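Protein chains in written order, with PDB author numbering: chain Bd, 2 to 68; chain BU, 2 to 158; chain Bt, 2 to 98.
One structure is given below, encoded as structure tokens.
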Amino acid sequence: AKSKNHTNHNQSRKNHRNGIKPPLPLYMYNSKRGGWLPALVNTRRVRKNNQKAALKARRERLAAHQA
Amino acid sequence: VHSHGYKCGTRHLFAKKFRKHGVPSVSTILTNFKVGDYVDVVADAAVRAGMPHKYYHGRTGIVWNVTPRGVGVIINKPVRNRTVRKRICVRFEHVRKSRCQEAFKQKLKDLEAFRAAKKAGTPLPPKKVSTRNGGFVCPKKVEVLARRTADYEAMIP
Amino acid sequence: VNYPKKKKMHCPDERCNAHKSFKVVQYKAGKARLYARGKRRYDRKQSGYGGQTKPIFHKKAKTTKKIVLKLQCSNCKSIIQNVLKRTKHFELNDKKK
RNA sequence: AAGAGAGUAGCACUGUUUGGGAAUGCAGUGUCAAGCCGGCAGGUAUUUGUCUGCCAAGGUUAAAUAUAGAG
RNA sequence: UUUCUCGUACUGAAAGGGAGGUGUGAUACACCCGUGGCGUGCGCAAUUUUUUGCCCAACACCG
RNA sequence: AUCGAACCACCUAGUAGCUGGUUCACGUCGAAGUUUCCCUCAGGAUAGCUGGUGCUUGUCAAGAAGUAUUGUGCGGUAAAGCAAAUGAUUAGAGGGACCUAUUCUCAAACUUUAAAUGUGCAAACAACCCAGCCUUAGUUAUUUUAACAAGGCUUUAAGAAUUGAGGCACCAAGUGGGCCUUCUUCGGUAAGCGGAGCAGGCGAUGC
RNA sequence: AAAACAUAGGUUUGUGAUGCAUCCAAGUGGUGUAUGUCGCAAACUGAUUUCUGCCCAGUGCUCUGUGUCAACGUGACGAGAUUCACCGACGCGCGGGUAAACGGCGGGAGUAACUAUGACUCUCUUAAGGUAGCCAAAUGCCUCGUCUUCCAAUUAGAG
RNA sequence: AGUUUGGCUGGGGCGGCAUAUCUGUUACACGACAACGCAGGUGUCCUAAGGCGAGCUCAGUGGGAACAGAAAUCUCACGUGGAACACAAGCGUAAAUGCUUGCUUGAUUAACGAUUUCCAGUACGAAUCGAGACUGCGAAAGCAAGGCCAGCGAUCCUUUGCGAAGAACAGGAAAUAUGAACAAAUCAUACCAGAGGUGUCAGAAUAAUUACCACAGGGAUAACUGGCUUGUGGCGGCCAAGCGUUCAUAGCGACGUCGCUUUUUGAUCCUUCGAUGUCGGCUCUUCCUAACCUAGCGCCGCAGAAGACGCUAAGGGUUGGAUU
RNA sequence: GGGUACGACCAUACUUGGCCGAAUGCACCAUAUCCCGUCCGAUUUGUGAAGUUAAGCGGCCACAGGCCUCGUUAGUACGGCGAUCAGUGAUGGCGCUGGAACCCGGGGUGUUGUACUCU
RNA sequence: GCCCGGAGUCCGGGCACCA
Ligand SMILES: [K+]
Ligand SMILES: [K+]
Ligand SMILES: [K+]
Ligand SMILES: [K+]
Ligand SMILES: [K+]
Ligand SMILES: [K+]
Ligand SMILES: [K+]
Ligand SMILES: [Mg+2]
Ligand SMILES: [Mg+2]
Ligand SMILES: [Mg+2]
Ligand SMILES: [Mg+2]
Ligand SMILES: [Mg+2]
Ligand SMILES: [Mg+2]
Ligand SMILES: [Mg+2]
Ligand SMILES: [Mg+2]
Ligand SMILES: [Mg+2]
Ligand SMILES: [Mg+2]
Ligand SMILES: [Mg+2]
Ligand SMILES: [Mg+2]
Ligand SMILES: [Mg+2]
Ligand SMILES: [Mg+2]
Ligand SMILES: [Mg+2]
Ligand SMILES: [Mg+2]
Ligand SMILES: [Mg+2]
Ligand SMILES: [Mg+2]
Ligand SMILES: [Mg+2]
Ligand SMILES: [Mg+2]
Ligand SMILES: [Mg+2]
Ligand SMILES: [Mg+2]
Ligand SMILES: [Mg+2]
Ligand SMILES: [Mg+2]
Ligand SMILES: [Mg+2]
Ligand SMILES: [Mg+2]
Ligand SMILES: [Mg+2]
Ligand SMILES: [Mg+2]
Ligand SMILES: [Mg+2]
Ligand SMILES: [Mg+2]
Ligand SMILES: [Mg+2]
Ligand SMILES: [Mg+2]
Ligand SMILES: [Mg+2]
Ligand SMILES: [Mg+2]
Ligand code: NA
Ligand code: NA
Ligand code: NA
Ligand code: NA
Ligand code: NA
Ligand code: NA
Ligand code: NA
Ligand code: NA
Ligand code: NA
């Protein structure tokens, strides 16, 4: 008793029932884990300095307000 | 027996054009790439190293990583009822800079020049006029077309 | 295939940390130990009246085996194992054409 | 001043049983102890030295427990 | 403050070990009304016919 | 009245991917016969199609669209050619083979050329410019580049779209024998035959 | 209901009793055996008549002097578990016998005064190459074989 | 005594492998697509046939030289690759990816970096882009961690390598851990990386027969009728090279070509497996016409007789026996 | 109007033949002590100026081939969507629309960047 | 795989099999 082997019938209609979802936006899931290491290490050092400057700025803004 | 190897249908896809064989030229070597650029992925077929899979031939995407002899590109691909962002690694010979945004950038520059001219008082170029309106048509002579019965004898081989 | 009897290779040991001369020997499995844990359990399970308690695998299909080489450093006598592709005939000559 | 249960305990082979795993308990046969530096146990096998707890191979004994086709 | 159990701490095969912030220096030192930083963020507060602040929950990225 | 393993009671309500059955009403929604793996092919697991519960929000539209336009990439089918390479092939002519230029007729596993229908990307705010500024163990002979930031400036005619709620979860059912048709298409003399592609139907539905 | 079984006739095998065949969970247990080779147990063929050919390479059964095969023993290294060495039977291999044990028992060329046929020759090959007999037979595919007889005519019957 | 005795499949069996896999085409110019569709491959081979530098140009053709000729070696010119690149095919390549030669071991290690192909966006195989060690070839830029894309394998179990020696008043940046009452030496185990294999290739340990046969089911599936088709079987047309003393067509008609029928046999598997009684003969009725006899006609190579061909016409008739 | 060195695009630049070429330069050219390499200083390597535009090179020409471009082939071949369209069929035209290829004809035969330089 | 015997080693034997 043989039977069908393969078909793609009705598959396109099923996929469009809930539609082809759009791709994720460019600003999400944008890590660079597997990238070129020498540039990644340099960026980490700059990011650490930037965080230190951000903390100091809020300290100065608050102290100015308390006057 | 079709077989599903890495290049299972690429007889005409991965072939060079007529009288255009050879290896990449110098201008291709000095291209330079930056993260965030738009590139087209096209196989060269003369450089076997770092060739992308046949699906990604003729696809456009954004580069996310640069290595000494390679470029990483993000490309959309639809699977079932969704689309996946795939990351592929290719050699620099198989990528070209994309001109898919040059019309948009030119429009922005024109608008900026419009503002500068208005604020500097510079006269503006005159507006183009559509030809879909009416008008007078005065012809020197009028011809006729009436199926002159020589065409009927003409379409006989 | 033919393999040289000696070759120059990198020794990762802190004593060498350079390219040294290595001697080549072919790997052969050791003799199965009585009183190994798996053998002790198998012997306990086999005693009695049950019969044969585990499969025996008669359906062999391959005709070759992978080649493993034991490379011994000239100094520090450390051993590194390497794997070659399967061949029907293997020999060491250390003599070219 | 003495003593405290011998084909007994242990060991080997075989079989069975157990969660018990280089062998938890038991049975058959062979072999078969110690006690002027004793014996058994202490969950990985062997030899040696300490430490801890107990002292088999004879016997009786209420209550708290069961009544899953009884009286 | 139960006598047992689940949870407030996890990690390694195991021996074992075990998580706050800011500032200053290269079991370090001094403080404790306190979101590690950045991005998007209900509502409330403040300006003027719009802009800004705090941002809760949640998500992404880097320590 | 029982024999290619008697009869009686018990283990025994033995197991069955297989056949049969499975008891009130109305309402809101509503399918699949396809993918991968399995001693798998009358069965399962897995993704897809569906229902329920929502969460975070918005209210004209964010990460919207089985549709256009503009710009910019991809292609070797239909057609065409053999007076162009590869393969097949007919006949005269000019200097029996041979040479030169032609000539009849061809190709799913030939091709210089090459459509229609297709297919990727872009068409703004988590953004782009302009200016000055900080940091780095990145690059460079140094500047200059690369990357992360911080305080100010600007920005929502030419056929020149138009439609509108965005995003994110948890739990679970049935199904996993399909069949028909316009057009494209392989095997077969053919078949109400066997097997595929895009789309629409029946199955589940009457009028 | 037979062409099957049995039968008388024929042949073969084991066996002298502490035996051969054999029941049985077991014993100073049981059967042929209250028996003793003109006996008992186990096979095959199937009255009488006339006969019973060749093959021991295969498988089986059976009879005689050193490779391999287990425990138990005897020695060693080691502190000991562990390990090593030597010894080690029937059987299997070697060497004989056996077909009224299971069974088996050939191809291809040439050649005689008309053609035909082939007494004769050559060749390859086996453990042996189907002998005496019998046949389109309940055994012959081709096949309703070919000839004679029986009939007017016979895929039937007989020779 | 117990158990087993693959699967797919135009029924099943025998055959084959479409059972794990590579190339071209079917495939309809993105990607994807079936059949026991077409044409072919794979379980290997290589210390060089791997790596790099340098030099060179291949297949073939034409003109020349004792033996020497169509074909031996030398020389000049042309030569877009028509050669070669282990093997199947496709792609690719000319101061090279080809050939010769020189030197070598990037076929090593590579902190669990990221990714592609199949795809559930799992594993396995193969491949791509990186970072660190030590190197090879180069004057250098640079190239190379195999031979480009096919050539291979889970849990459990066995087995090998690494955890050298010393240094630290204490387990630390840097000393592998355990054998649970504790010490000395053996033995065993654990953590990391390989190897011994499952070809039914996501991986059970496996011989037959049943006509003495059994059960659960299946029209998801064969053996009758019926249905679609008509290759094969049967019955006919059209054209006209020839046969007919001459004369294509009285009667025939080759080489070709167009049909009809369902009285043969195939092809298929739609209905029936909680059953539609399966060859032949006997008996009886009816229908069809492609007309054997009976009625009436045309035509002939129809003198008569007997016949050949054709038309209307199915009212009526169509036997007795031997063998099976 | 030019030369040389290094290039970009890679035939409008290639192939064949003919003619001409002021200067700077580029070449052909002389020779093997040393560096170096070959069967052979042919190529390659090291050192000079004796000759010459012969060749290479540049420029121009050819009813020259090829190549590039524009027309023509032609709204032809082919195509998407539609019909209770035509036709026994094989196939075909129609409506709304997209649109080729060779042959053939006209034209053309490199553009250009950096530095040192000659008239 | 073990024991051999006959040729650094290929054959013939008698045994033994948890990926
Ligand atoms: K005892
Ligand atoms: K399923
Ligand atoms: K009878
Ligand atoms: K009778
Ligand atoms: K009778
Ligand atoms: K008898
Ligand atoms: K007789
Ligand atoms: Mg192409
Ligand atoms: Mg006592
Ligand atoms: Mg008592
Ligand atoms: Mg029940
Ligand atoms: Mg039912
Ligand atoms: Mg509804
Ligand atoms: Mg399996
Ligand atoms: Mg194609
Ligand atoms: Mg065509
Ligand atoms: Mg399911
Ligand atoms: Mg249904
Ligand atoms: Mg309807
Ligand atoms: Mg009767
Ligand atoms: Mg007789
Ligand atoms: Mg007789
Ligand atoms: Mg015999
Ligand atoms: Mg027989
Ligand atoms: Mg004889
Ligand atoms: Mg006969
Ligand atoms: Mg007969
Ligand atoms: Mg008769
Ligand atoms: Mg007779
Ligand atoms: Mg397509
Ligand atoms: Mg395609
Ligand atoms: Mg080279
Ligand atoms: Mg490979
Ligand atoms: Mg490296
Ligand atoms: Mg490679
Ligand atoms: Mg019978
Ligand atoms: Mg059916
Ligand atoms: Mg019925
Ligand atoms: Mg009935
Ligand atoms: Mg009936
Ligand atoms: Mg319609
Ligand atoms: Na199916
Ligand atoms: Na069913
Ligand atoms: Na008889
Ligand atoms: Na014999
Ligand atoms: Na005879
Ligand atoms: Na007869
Ligand atoms: Na089957
Ligand atoms: Na027919
Ligand atoms: Na008639």
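Idealized CB from N, CA, C, for every residue including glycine.
Check	Outcome
Cβ of Bd:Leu41 versus every heavy atom of ligand 8: is any distance shorter than 8 Å?	no
Give a yes or no on whether the C-beta atoms belonging to Bt:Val25 and Bt:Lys71 are separated by under 9 Å.	yes
How would you label BU:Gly73, buried or exposed, when you count the other beta carbons within 10 angstroms and need 16 or more for buried?	buried
If we call anything under 9 Å between Cβ atoms a contact, is BU:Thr61 one with BU:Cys101?	yes
Does BU:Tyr7 pass the burial test, meaning 16 or more other C-beta atoms within 10 Å, or should it be called exposed?	exposed
Spell out a yes or no on whether the region 82–96 of chain Bt and the region 148–157 of chain BU are touching, meaning 3 or more CB-CB pairs, one atom from each, closer than 8 Å.	no
Where do the N-terminal and C-terminal ends of the alpha helix (DSSP H) with Bd:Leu63 fall, by residue?	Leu38 to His66
Mind listing which residues of the region 21–44 of chain Bd have their C-beta closer than 9 Å to chain BU's C-betas, in chain order?	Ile21, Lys22, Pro23, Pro24, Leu25, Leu27, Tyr30, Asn31, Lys33, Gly35, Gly36, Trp37 and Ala40
If you draw a straight line from the alpha carbon of Bt:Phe58 to that of Bt:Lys9, how long is it in whole angstroms?	42 Å
Any chance you could list the alpha helix (DSSP H) runs of at least 4 consecutive residues sitting entirely within the region 26–96 of chain Bt, in chain order?	38–47
Would you mind listing the beta strand (DSSP E) stretches within the region 55–128 of chain BU that are 3+ residues and don't spill past its ends, in chain order?	60–68, 71–80, 83–92 and 96–98
Count the C-beta pairs between the region 55–69 of chain BU and the region 103–121 of chain BU that are closer than 8 Å, then say yes if the count reaches three, no if not.	no
In three-state DSSP terms, what is BU:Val27?	helix
Once DSSP output is grouped into helix, strand and coil, what is the label at BU:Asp152?	helix
Does the CB of BU:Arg97 have a neighbour CB from chain Bd at under 9 Å?	no
Three or more C-beta pairs under 8 Å: does that hold for the region 128–146 of chain BU against the region 26–42 of chain Bt?	no
In this structure, what does DSSP give as the bridge partners for Bt:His20?	Bt:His11
What are the boundary residues of the alpha helix (DSSP H) that includes Bd:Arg14?	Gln12 to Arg18
Should Bd:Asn43 go down as buried or exposed, given a rule of 16 or more other Cβ atoms within 10 Å for buried?	exposed
Please state the DSSP three-state secondary structure of BU:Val48.	coil
What is the rounded straight-line gap between the Cα of BU:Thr32 and the Cα of BU:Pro25?	12 Å
Hey, out of BU:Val96, BU:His5 and BU:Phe137, whose CA is closest to BU:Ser28's CA?	BU:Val96
Can you give me the C-alpha to C-alpha distance between Bd:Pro24 and BU:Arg86, rounded to a whole angstrom?	7 Å
Tell me whether BU:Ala16, by its Cβ, gets closer than 8 Å to a heavy atom of ligand 8.	yes
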